[PDB]
């Protein structure tokens, strides 16, 4: 407090004899008064130091900062100016003089002169762009010319996302340079860091309208009007994606009703040009965004029945699936990934996965939708829910559409497997999109195509890394990214389960649409993913490379289950299970051995943690964890039997996949699970396939028949245990009927071997 | 004809295969490898000039090539320090709202100065640089001094 | 910095005012390096890498 | 180059250039049309060029 600074300065001015030695402590005395907010006592003690040390730039800078905290602009500037005179290395203080002059007087030739000096010390600086902008808007018509040349010449360096591109388009539109405004949009839209802004897309959509509102009946304009409507419908579809994701329900209505109005003006152009092609695809995006708006209404509308919103949303996704994918001929020169192919695959992925999240666990569900709503009553119920009955249906795209020519076909999973491989190109490997697809596939019995997606996004990586107890970015493989995404999906799925453990409805989807599903992954999971992407694709900005490396080198300890990893036991089981089920699902010894190798790595990290819980000890949680612990999956004291069975089964599977067959047989015959019996049957059937039947000895033929007998007599045990206990069928990795398909074969393979 | 003018003919590929190994996110690793390439050829040329009979006028180019690549080596060393500091400072300057302690010693005023002051920090990187040149000219020799 | 921040007491001798009163800049050092009588330094301060070293330091 | 050699009465040098053009090339110029968002013949410089190479062969 003041009184402690006063007591210290009293005893320190007692322990000082001469006046000049008291002044020589004045800098120190002044800082202590400033740290009590005693600003005039700070001023009084720094001036009584300066009057004994006229040439310290730090004492002058401290007196300037005290005048800045007294709003005394030119005295702050004069003490800063004097500090620049006494040490010219202070580039920062040259810029701080330009701040406090342009914030005092915009006409001041000193403001313009100190900005001149700041620019000549920091080119490419948004703080210096902003201090020029503030002078040149005040230089009038003579200002406007200089402001145009400034905007062009400092855009050409790429600071400043969003702002300067909107301010340029304002200045074109106010001067009625409308084709110049649209031509700037035609260049600026090539920047992905503008296409992500709601503000930019709002300006683009409104600039394209104001240009159409200036075109005429001329045969030039019959081409300009085509481009500008293709641009306008694509800009509406991206603005609608952003508005669904970032704004309210009513903000989403008024935009969708504006997009409906812009489809209705193009709808007359029955033809075969790229506006005819864009219009067809944009019917698909309109109904996808309308189905997204109905489920976004359900997310907030506390008094509304989820059936009516999800029925009208299922109709919307059925239309948004059945809109045919563009039949492009992409040409042998154009390295441009076609936008209509990527947007059609993102549509067919999102509408297809949303149909399967709404039909889930029902019968005739898409037929409830078609027989009730694929008609002009359903067309009204859809319009009167989306827009309300305040506008005409005759003047609307939706209100005058067809929705009667509809198919009843559910989305085929191999078609989705090919549309995700387009959607992930549109989303550039975004973790929110990869987690969203992961949760849709985690609603099905088949595994997500993560290996397809990762070898598409990171094709310069090895699949495994022979250095698992290391954390360097130079040792990353696909399996660290596969494990990472499996953990982001798992921790997102449990944080959906535990929301649905309240008031969930059979007409509410378990996963909401991508433009409606709030953030799934943590900013730490994302900060690792975005840093991995930025390092591998070498987008790493200078200096920041070191921060990105240190962050990436933090979570590789976590992911590979290294020293003090802090993971939940059930997440390490889920990683072992998913890699085991993926490894055996591949026609490749090298892939099997890498996948099952990484599964066995996690099982050999699980067995120690189980041997904490089997004593009724807890495990230490991280205060911030990369993957959350969840008490709705914390391992119970009984399950520590099965998580000590399946671990050794997975060792015997890896060691069979090593060629360690007699170790693996000994392991399986010691474990005596039905999963062990199935791997014994496969090992002994393979030991009849590895006998080349072109004139064998009777000794080789009788060991072959003894392998077929060992196979038969282990396939039988799987029937014995399964009709003795109908739970055992749920550890079996195949249909019980395919145990009988193989057993019938292995009996024919023994009885045909007996008529000679 | 000079050996030095024949021996340094690789460095135009060697710098290229070093550039095509790196990126804008490994742009200092590139200059540290450029110093290792120049320092390797300075080592080779020194291991030729130290074997020339004094006054054999052919080795004039070998000695000029040694000094040229020795001054190049330390100019890559200079670049690898000063442009690292200047990029780190330009990424930290939004953050450092420091406060001095009432009870600080000379050491901890200077521990604060070398954070506060890029002119003092870059001036010491020139001292460290110039002291490293004199160090590399001393090498193994300290224990060969008869008194 | 030390004699601005570390308030010593009862010390009655000065460090020389030619060194305490020294204004420094990087440009100045590379003018003083061109005012020197040492002819060697004046010839080395004209060769290609010593010129690059001045400009990289600035 | 064949137009230059034929006008220069260098019929064998024109035949040396005719052998530098591989005999698949007329069909390869159609292969490069049908895959990728072109027309039914390869463009109007190249239809005329195939017609000209067929004149030179004749």
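Chains as they are written, first to last, in our numbering: chain A, 1 to 756; chain B, 1001 to 1147; chain C, 2001 to 2058; chain D, 3001 to 3058. Every residue gets a Cβ at the ideal spot worked out from N, C-alpha and C, and that includes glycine.
With 16 other Cβ atoms within 10 Å as the buried cut-off, status of residue i
i: residue 51 (chain A); result: exposed
i: residue 558 (chain A); result: buried
i: residue 1144 (chain B); result: exposed
i: residue 1077 (chain B); result: buried
i: residue 2022 (chain C); result: exposed
i: residue 251 (chain A); result: exposed
i: residue 450 (chain A); result: buried
i: residue 3021 (chain D); result: exposed
i: residue 3001 (chain D); result: exposed
i: residue 184 (chain A); result: buried
i: residue 435 (chain A); result: buried
i: residue 641 (chain A); result: exposed
i: residue 62 (chain A); result: buried
i: residue 141 (chain A); result: exposed
i: residue 29 (chain A); result: buried
i: residue 351 (chain A); result: buried
i: residue 685 (chain A); result: buried
i: residue 2024 (chain C); result: exposed
i: residue 1025 (chain B); result: buried
i: residue 767 (chain A); result: In the structure as shown, chain A starts at 1 and stops at 756, and residue 767 (chain A) therefore has no counterpart that could be examined.
Contacts of residue i in chain A (Cβ-Cβ under 7 Å)
i: residue 2020 (chain C); result: Ordered by position in chain A, no residue passes the 7 Å Cβ test against residue 2020 (chain C), which lies about 10 Å from the chain.
i: residue 1088 (chain B); result: 543
i: residue 2004 (chain C); result: 27, 56, 58
i: residue 2009 (chain C); result: 15, 16
Partners in chain B for residue i, counting only beta-carbon separations shorter than 7 Å
i: residue 89 (chain A); result: 1119
i: residue 535 (chain A); result: 1025
i: residue 2053 (chain C); result: 1075, 1078
8 Å Cβ cut-off: residues of chain B touching residue i
i: residue 2041 (chain C); result: Result: empty, since nearest Cβ-Cβ is about 13 Å, beyond 8 Å.
i: residue 540 (chain A); result: 1023, 1024, 1025
Contact set between residue i and chain D, taken where Cβ atoms lie within less than 7 Å
i: residue 275 (chain A); result: Going along chain D, no residue has its Cβ under 7 Å from residue 275 (chain A), so there is no contact; the nearest lies around 17 Å.
Partners in chain C for residue i, counting only beta-carbon separations shorter than 7 Å
i: residue 1049 (chain B); result: Within chain C, no residue comes near residue 1049 (chain B); the closest Cβ sits about 19 Å away, beyond 7 Å.
i: residue 1071 (chain B); result: 2049
Residues that residue i contacts on chain C, provided the C-beta gap is smaller than 8 Å
i: residue 1126 (chain B); result: 2057
i: residue 1082 (chain B); result: 2056, 2057
Contact set between residue i and chain C, taken where Cβ atoms lie within less than 9 Å
i: residue 1045 (chain B); result: Simply none; closest approach about 16 Å.
Partners in chain A for residue i, counting only beta-carbon separations shorter than 8 Å
i: residue 2015 (chain C); result: The contacting residues do not exist; residue 2015 (chain C) stays about 14 Å from chain A at best.
Residues that residue i contacts on chain B, provided the C-beta gap is smaller than 9 Å
i: residue 2001 (chain C); result: 1109, 1110, 1112, 1113, 1116, 1117, 1120
request  = Answer yes if the stretch 671-685 of chain A comes into contact with the stretch 595-615 of chain A, meaning at least three C-beta pairs across the two stretches below 8 Å, and no otherwise.
outcome  = No, the stretch 595-615 of chain A is not in contact with the stretch 671-685 of chain A.
Sequence ranges, alpha helix (DSSP H) only - wholly within the stretch 54-112 of chain A, length at least 4 = Considered as a whole, the stretch 54-112 of chain A harbours 57-68, 73-86, 91-102 as its complete alpha helix (DSSP H) runs of no fewer than 4 residues, in chain order.
inquiry  = Just to confirm the assignment: which complete alpha helix (DSSP H) runs, minimum length 4, are found wholly within the stretch 514-592 of chain A?
reply    = Runs of the alpha helix (DSSP H) spanning 4 or more residues and lying entirely within the stretch 514-592 of chain A occur at 523-536, 544-559, 569-583, in chain order.
query = Counting pairs of Cβ atoms below 8 Å between the stretch 286-298 of chain A and the stretch 235-251 of chain A, do you hit three or more?
reply = The stretch 286-298 of chain A is in contact with the stretch 235-251 of chain A.
query = Relative to chain B, which residues along the stretch 10-39 of chain A have a C-beta separation below 9 Å, given in chain order?
reply = When C-beta distances to chain B are compared with 9 Å, the residues of the stretch 10-39 of chain A below that value are 28, 31, 32, 35, in chain order.
task = Give, in chain order, every residue of the stretch 182-209 of chain A whose Cβ lies closer than 7 Å to some Cβ of chain B.
result = Residues: none.
Chain C contacts from the stretch 1090-1118 of chain B (Cβ-Cβ distance under 9 Å) = Flagged, chain order: 1100, 1104, 1105, 1106, 1109, 1110, 1112, 1113, 1116, 1117.
inquiry  = Pairs of beta-carbons, one from the stretch 278-288 of chain A and one from the stretch 228-235 of chain A, closer than 8 Å: are there three or more?
reply    = With a cut-off of 8 Å on Cβ pairs, the stretch 278-288 of chain A is in contact with the stretch 228-235 of chain A, counting three or more such pairs.
inquiry  = Please give the ranges of any alpha helix (DSSP H) in the stretch 137-165 of chain A, keeping only runs that are unbroken, at least 4 residues long and fully inside the region.
reply    = Correct list: 140-155.
key: chain A contacts from the stretch 3021-3048 of chain D (Cβ-Cβ distance under 7 Å)   = Legend: CB atoms of the stretch 3021-3048 of chain D lying less than 7 Å from CB atoms of chain A belong to residues 3032, 3035, 3036, 3037, 3038.
request  = Check each residue of the stretch 322-347 of chain A: if its Cβ is closer than 9 Å to any Cβ of chain D, include it; give the result in chain order.
outcome  = Within the stretch 322-347 of chain A, the residues whose Cβ lies closer than 9 Å to some Cβ of chain D are 328, 329, 330, 331, 332, 333, 334, listed in chain order.
inquiry  = Tell me whether the stretch 388-401 of chain A and the stretch 257-275 of chain A touch, counting them as touching only if at least three CB pairs, one residue from each stretch, are closer than 8 Å.
reply    = By the Cβ rule, the stretch 388-401 of chain A counts as touching the stretch 257-275 of chain A, because three or more pairs are nearer than 8 Å.
task = Inspect the CB distances between the stretch 490-504 of chain A and the stretch 584-598 of chain A and report whether three or more fall short of 8 Å.
result = The stretch 490-504 of chain A vs the stretch 584-598 of chain A: no contact.
task = Report yes or no: do the stretch 664-676 of chain A and the stretch 648-656 of chain A share at least 3 C-beta pairs separated by less than 8 Å?
result = Taking a cut-off of 8 Å on C-beta distances, the stretch 664-676 of chain A touches the stretch 648-656 of chain A, as three or more cross pairs fall below it.
query = Considering only residues of the stretch 1053-1134 of chain B, which uninterrupted alpha helix (DSSP H) runs meet the minimum length of 4 residues and lie entirely inside it, listed in chain order?
reply = You should have 1060-1092, 1106-1116.
Cβ pair count under 8 Å reaching 3, the stretch 1105-1112 of chain B against the stretch 543-559 of chain A = A contact is defined here as three or more CB-CB pairs under 8 Å, and the stretch 1105-1112 of chain B fails this definition with respect to the stretch 543-559 of chain A.
ask   = With contact counted as at least three CB pairs below 8 Å, one residue from each stretch, are the stretch 516-529 of chain A and the stretch 537-546 of chain A in contact?
value = No, the stretch 516-529 of chain A does not touch the stretch 537-546 of chain A.
key: Secondary structure, beta strand (DSSP E): runs of 3+ residues fully inside the stretch 27-53 of chain A   = Runs of the beta strand (DSSP E) lying entirely within the stretch 27-53 of chain A, each at least 3 residues long, are absent.
inquiry  = Measuring CB atoms only, is the stretch 70-80 of chain A touching the stretch 91-99 of chain A, in the sense that at least three cross pairs come out at less than 8 Å?
reply    = Yes, since at least three Cβ pairs between the stretch 70-80 of chain A and the stretch 91-99 of chain A fall closer than 8 Å, the two stretches touch.
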